[PDB]
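Quick setup: one chain, the form deposited in one PDB entry, written in structure tokens, and binding and motion questions come after.
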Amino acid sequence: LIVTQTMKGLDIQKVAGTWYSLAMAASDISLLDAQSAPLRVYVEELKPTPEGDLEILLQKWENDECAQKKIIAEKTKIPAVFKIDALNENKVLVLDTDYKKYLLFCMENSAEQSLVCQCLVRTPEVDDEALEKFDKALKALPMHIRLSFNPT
């Protein structure tokens, strides 16, 4: 994606806390096909560090269980863009948030293409503003699979 599709003026400290993954989409079906897939993960909590990095607590189906994963996304020179600096490099991009209700973000398999985005909400409310904003923000991207939860 381009720098102009990410959030301007993000304050990472205000996204702290609990979140629920309400909807997901990906540029390739196989990315979210079976639970197994590496990018089919549910965000449980966001924990910014005093240094400006982001600790992400995620749930992943593993061995017929609900497994927990803790990943650190490090700040980069681009605000709103975080790097998961593992053997397989991944970027976390914050598209938009109002901090108190929703948060839209994508994970890109950095190579330069392959994108998985999610719509996060603070609590499981009956308003569909977050779904509509996700929908609007994904109009520009070539997504081939879209999922919406009756939350889990």
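Think of the rigid core as the biggest set of C-alphas that the two forms share within 1.5 Å after superposition. We number the residues from 1 along the sequence you see.
The deposited sequence places 1 to 3 unmodelled residues between residue 112 and residue 113.
When the C-alpha B-factors of 98-106 and 55-63 are averaged, 55-63 comes out higher.
The mean Cα B-factor in the deposited entry runs higher for 138-146 than for the other of 138-146 and 10-18. Per the PDB entry, 31 shows the highest C-alpha temperature factor of the residues 120, 117, 31, 92. Across 41, 46, 84, 126, the entry's maximum B-factor at the CA atom is seen for 126.
The discussion below concerns the form deposited in another entry, not included here.
Residue showing a CA shift of 2 Å or more between this form and the one not shown (rigid core superposed; candidates 30, 49, 88, 68): 88.
Annotation: Cα of residue 98 displaced by less than 2 Å between this form and the one not shown, core superposition.
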